[PDB]
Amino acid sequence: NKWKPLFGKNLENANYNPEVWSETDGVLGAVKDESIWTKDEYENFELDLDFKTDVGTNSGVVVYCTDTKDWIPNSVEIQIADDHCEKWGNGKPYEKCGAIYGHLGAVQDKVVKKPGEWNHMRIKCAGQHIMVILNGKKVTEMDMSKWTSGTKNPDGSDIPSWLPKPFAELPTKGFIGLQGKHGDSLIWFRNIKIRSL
């Protein structure tokens, strides 16, 4: 159908703490670690958002969340990361920007721009099929039905112990959220919007 702001105007359609999450000059950011969620559940949608990184940014967009309190194992996370910072060495493919965190790498990295440059990401969530388009590049295409294991990924890498639920049996409807600030690297969001497929 048509695009609408994911959180409405003035975050009216979001569940959040206003001491954590706020809009400044049209740009959403967080000063503490707690997440921001939609008040409503979504399936069969495309989500657009702009984001800007800091050096070493590690964040993510959460979709299909069936529990906003115990969200980590009951959701899918599209990784947002500063691929130009190499802190943990080479890193894992599922830690790169536009990956499905813990589950599936992006096909190329350093599609994300350098810290302080604006990025654009579109996430198409069509039941078990998730596509990530980053800066106009199709970087990630997951079919969740392949994830029959909660411990091992189709690419052979181990799934972090804190993500035990097989993605093949995960529901493909739930809340959408953004993650808060966990350390010194900031992240900024804008033009966060959604429409149905």
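One-based numbering along the sequence shown.
- Sort the chain's modelled residues by C-alpha temperature factor and residue 164 lands in the middle third, per the entry.
- Looking at the C-alpha B-factors along this chain, the one for residue 52 belongs to the middle third.
- Per-chain ranking of the deposited C-alpha B factor places residue 137 in the lowest third.
- Sorting the modelled residues of the chain by their CA temperature factor places residue 129 in the middle third.
- Residue 91: CA B factor in the highest third of modelled residues in this chain (values from the PDB entry).
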